[PDB]
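Asker: Structure in structure tokens, see below.
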Amino acid sequence: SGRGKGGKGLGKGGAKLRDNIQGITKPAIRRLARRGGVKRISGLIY
DNA sequence: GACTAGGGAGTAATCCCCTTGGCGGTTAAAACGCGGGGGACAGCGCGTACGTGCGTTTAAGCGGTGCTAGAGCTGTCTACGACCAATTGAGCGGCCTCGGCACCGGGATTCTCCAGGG
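In terms of UniProt numbering, the first sequence is residues 2 to 17, 23 to 52.
Shown next, in the form of structure tokens:
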């Protein structure tokens, strides 16, 4: 029992991305534009 | 006075409902790409409507005046508003409906495109 080694001692207890990116999207902006009453838009608005 | 009997708290075991993570399935929204066409914009011409020079006058600033009715401060009082609580009802805290809202279908109605002739 005392002599030898083996895993029967449980453990002591150790320890064992928060950057985030902006959302929104082109279809959402397009829907918002259509709410604002625009017939045609260019490609630099978003 | 010595020991006895019973029940809610102290200790403890049961249940068991409640969630922490990960992972797969599946629909919806987002992502990407092409033909073609309508919107953007150059080149230009012009005319006519202002941009500008000069004559000929009314008018704001000028220079001053003689006051005149409305504005600031001096008392002064007195009608009224911010100081306790009993109240007691105007109204809010929690629950239980059935009805208007949610939303989709059949249809009438209506809005739009084309390839031709008319």
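Note that beta-carbon positions come from the ideal geometry of N, C-alpha and C, so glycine has one too.
My output table needs one value for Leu38: the three-state DSSP class, helix, strand or coil.
Answerer: It is helical.
Asker: Helix, strand or coil for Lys13? Go by DSSP, reduced to three states.
Answerer: coil
Asker: To the nearest angstrom, how far is it from the Cα of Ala16 to the Cα of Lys6?
Answerer: Within the model, the alpha-carbon separation for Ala16 versus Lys6 is close to 25 Å.
Asker: Is the distance from the Cβ of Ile35 to the Cβ of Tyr52 below 9 Å?
Answerer: yes
Asker: Between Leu23 and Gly12, what straight-line distance do the alpha-carbon atoms span, to the nearest angstrom?
Answerer: About 28 Å.
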